[PDB]
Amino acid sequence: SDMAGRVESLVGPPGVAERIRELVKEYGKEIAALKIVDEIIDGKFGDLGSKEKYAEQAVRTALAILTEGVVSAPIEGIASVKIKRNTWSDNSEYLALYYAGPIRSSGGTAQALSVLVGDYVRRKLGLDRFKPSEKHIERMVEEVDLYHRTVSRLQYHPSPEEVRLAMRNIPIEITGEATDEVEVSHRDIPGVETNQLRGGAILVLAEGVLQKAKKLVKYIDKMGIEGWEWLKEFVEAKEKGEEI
């Protein structure tokens, strides 16, 4: 059983293996993943129903493709993919990825890609960006430091400023279940069902997007994806030793 075959049985949808083989040979893994996203959303594997069902299938299949079907991120790592609104703000629709505890079993590269995939899927679906309030931002700043010190040292420990930067710019909501019982300071935030620590979301953001930024930028180039200039500049600044 090859990569394409692993993907069909891991996440589906049924029939996707044949299409992946055909598209990978002609386009390479990265572009093939995005054309699969397009075909799923366009209904080539069935009318899936609600935008959310399209979103879930597209995220998981695309991420499976890009991680070669060798990690559990597309399955156990992501609890669910949800469409939500910026109620505090303009009530605009945006995508959210809920990461479960076992996202910690996928590396930072797969964690980073799930976010990039997230973005591409929400655009294809016509969704707006997540527009976290100030409280969402500060909640994450708080969670990152708290998890670092009292749950598990982060392989990449972003400064508070790095967390803000990532929060102001990442166009989907990185969030999840509570993975660890540690009550938080900034509590009852509109879109945040838990007042405990979101371990899955914390890793994906620190060890994923920020730690694997350079690697992610390369996928962004290989895929011709727009809208991530801020991550290009973040990488560039960190290598040069220029301030954020």
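Position 1 is the first residue in the sequence shown; the rest follow in order.
- Higher mean CA temperature factor between 108-116 and 123-131: 123-131, per the PDB entry.
- Remark: stretch with higher mean C-alpha B factor among 36-44 and 23-31 is 23-31.
- When the modelled residues of the chain are ordered by their C-alpha B factor, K51 lands in the middle third.
- Compared with the other modelled residues of the chain, the Cα B-factor recorded for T61 ranks in the lowest third.
- When the CA B factors of the chain's modelled residues are split into thirds, the value for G176 lands in the middle one.
- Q196: CA B factor lies in the highest third for its chain, per the PDB record.
- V151: CA B factor lies in the middle third for its chain, per the PDB record.
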